[PDB]
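Remarks on the structure that follows.
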Amino acid sequence: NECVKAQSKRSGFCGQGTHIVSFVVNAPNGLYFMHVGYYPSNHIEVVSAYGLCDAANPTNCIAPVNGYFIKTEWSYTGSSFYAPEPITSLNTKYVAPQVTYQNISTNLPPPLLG
Amino acid sequence: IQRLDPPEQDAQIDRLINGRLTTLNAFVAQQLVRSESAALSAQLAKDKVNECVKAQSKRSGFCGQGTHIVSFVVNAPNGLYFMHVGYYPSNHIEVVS
Amino acid sequence: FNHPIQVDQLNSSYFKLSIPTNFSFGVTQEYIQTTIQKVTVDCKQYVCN
Amino acid sequence: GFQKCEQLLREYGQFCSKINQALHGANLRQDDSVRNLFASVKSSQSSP
Amino acid sequence: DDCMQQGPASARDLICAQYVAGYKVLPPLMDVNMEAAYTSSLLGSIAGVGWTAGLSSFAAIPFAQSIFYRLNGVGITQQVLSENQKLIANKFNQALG
Amino acid sequence: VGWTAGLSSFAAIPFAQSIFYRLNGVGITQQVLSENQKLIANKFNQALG
Amino acid sequence: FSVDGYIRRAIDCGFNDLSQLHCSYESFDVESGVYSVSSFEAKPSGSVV
Ligand SMILES: *[C@@H]1O[C@H](CO)[C@@H](O[C@@H]2O[C@H](CO)[C@@H](O[C@@H]3O[C@H](CO)[C@@H](O)[C@H](O[C@H]4O[C@H](CO)[C@@H](O)[C@H](O)[C@@H]4O)[C@@H]3O)[C@H](O)[C@H]2NC(C)=O)[C@H](O)[C@H]1NC(C)=O
Ligand SMILES: *[C@@H]1O[C@H](CO)[C@@H](O)[C@H](O)[C@H]1NC(C)=O
Ligand SMILES: *[C@@H]1O[C@H](CO)[C@@H](O)[C@H](O)[C@H]1NC(C)=O
């Protein structure tokens, strides 16, 4: 029910790595599970923000959704695979301002260009 | 052996054998019960590390009591010792919602 | 002891992200026993033949 | 170590082989349990 | 050798009984320093593992920052957490101390 | 079955389409999945093969 | 055995397999199911010396 009929979000319940899909066949005294997971490699280190705020409009802040804001100025990458793309309203959420958010004053992404 | 001849010596040794064979069978049966139990328990420990320690849990009562925030693990003599830090509310008031 | 990738914390408002640049799929195989062989015994015959 | 006893013990079949094999399996079970448990506690990435 | 040069520690010493009774206690699969290494690396992974989607990336963020995200995630607002960061750290410290 | 809310409806969709939703759901963006659909299928196939 | 001690009903436990079942549970009423009972023995048809 957790593995095969659903994608699991429980680390280590199904297989190792991030669970994607599982299959089941019969075995001599039971079931044989075939768990296909996602295994990352070649990790790199990048610098990330906790969130970004409009420096001129400090109460207007965003945080990434299922990914990170990375320096490259700021761009978005999904959490499982480094692949920078523009910060847009489809990969951000508006949040309350925090002391750890960056104050950006130049190349403001579209969710902050208000 | 020192006191008895074979026809009686045999019977006496045999009593000791039966008692010792019984003891060893009981011992083994328990090591199998205890090792089966420990193995199940080990899988519970596995789940707690993944659910509790490597993640914040949203499952009431799985980790500790109250709302789970963070857990830590140290080793213990025959296993793991979980340290579950939860959020415990107090001084509740009633408001209209 | 196989050490994990060490990722340093920063003295700043930023943080280090250790993020994959590559990936693979792999299969964790698992066997779960659901049954045992069912056996009955003709105890009277077993013991006394 | 008494030979008379060992001679009588043999009439109970391979009793000791069963004791040893049962415990050997039971002991392997913990090494496998431990190996699996730690493989899962193990982090991929970690801070110092 | 300890059981020969010193002898049993007390009545019913089950460790020295091994060489007498015919049983042996076997060593565990991992030594202490290896088990410590596993839980130590686990400790250092907590803040950056239970942070976002996927199990593939690691956010090397402060423990404290992790706690505040964990508290926010259970219903405590950011205005509250911001006003009370020292109060929260003190309560946490009392819980563990 | 592992597609949306509830256990009552069935989406008869391609396996491949299911995989891409599953990958998107773990943090791989759609731009990446779109550029790499053949690469992803090949890696998956290697894992099972 | 009735309250007054007389035997009014009995099972010959070697008559058939159904009778063996009743005897093994020491009851005239057993639950429905499939049960193993004593095997049907092969018997000697002669002897060799
Ligand atoms: C991006 O811009 C934001 C917004 O300006 C900036 O975060 C702000 O930083 C200031 C300090 O530089 C915080 O102001 C104070 O900081 C001190 C530090 O000790 C606190 O003690 C103060 O708290 C007292 O006063 C508050 C006033 O209301 C009380 O509510 C509180 O209970 C205490 O009495 C106070 O926090 C300011 O709060 C933050 N802003 C936010 C939203 O948290 C941010 O740092 C800039 N980004 C970067 C990377 O620099
Ligand atoms: C750097 O770390 C020290 C550790 O005590 C801390 O006091 C100091 O404020 C930190 N500096 C920054 C920029 O965070
Ligand atoms: C990912 O790893 C495989 C392993 O052989 C390699 O062939 C491939 O080129 C790698 N891709 C990247 C982007 O490094």
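Here the Cβ positions follow ideal geometry from the backbone for every residue, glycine too, while neighbour counts run over all protein chains shown. What follows draws every value from the coordinates through simple rules; no lab data is involved.
Against the condition crowded, with 17+ Cβ neighbours inside 10 Å and over 20 Å from the mean Cα position of the chain (by Cα), how does E:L26 come out, does it pass? Considered against the rule, which asks whether it is crowded, with 17+ Cβ neighbours inside 10 Å and over 20 Å from the mean Cα position of the chain (by Cα), E:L26 comes out as no.
Each residue in segment E:38-66 was checked for being of a type outside the set (S, T, Y), in a helix (DSSP H, G or I) and surrounded by fewer than 21 Cβ atoms within 10 Å (Cβ to Cβ), and 4 of them qualify.
The rows are residues; the columns are (1) of a type in the set (K, R); (2) more than 12 Å from ligand 1 (Cβ to nearest atom).
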site: A:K71; (1), (2): yes, yes
site: A:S75; (1), (2): no, yes
site: A:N91; (1), (2): no, yes
site: A:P97; (1), (2): no, no
site: A:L108; (1), (2): no, yes
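In segment C:4-48, the qualifying residues are those that are of a type in the set (S, T, Y) and surrounded by 11 or more Cβ atoms within 10 Å (Cβ to Cβ), and the one that is nearest to D:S40 (Cα to Cα) is C:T28. Would you pick out the residues in segment D:1-21 that are part of a helix (DSSP H, G or I) and within 24 Å of B:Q9 (Cβ to Cβ)? D:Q3, D:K4, D:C5, D:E6, D:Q7, D:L8, D:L9, D:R10, D:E11, D:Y12, D:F15, D:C16 - these are the residues of segment D:1-21 that are part of a helix (DSSP H, G or I) and within 24 Å of B:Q9 (Cβ to Cβ). Quick check on my filter: what residues within segment C:20-36 are assigned to a strand (DSSP E or B) and either under 15 Å from F:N45 (Cα atoms) or more than 16 Å from ligand 3 (Cβ to nearest atom) (or both)? Selection gives C:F23, C:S24, C:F25, C:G26, C:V27, C:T28, C:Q29, C:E30, C:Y31, C:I32, C:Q33. Condition (residue is under 17 Å from the mean Cα position of the chain (by Cα), of a type in the set (F, W, Y) and within 14 Å of chain D (Cβ to nearest Cβ)) applied to segment E:74-93: is it met by at least one residue? Among the residues of segment E:74-93, not one is under 17 Å from the mean Cα position of the chain (by Cα), of a type in the set (F, W, Y) and within 14 Å of chain D (Cβ to nearest Cβ), which makes the answer no.
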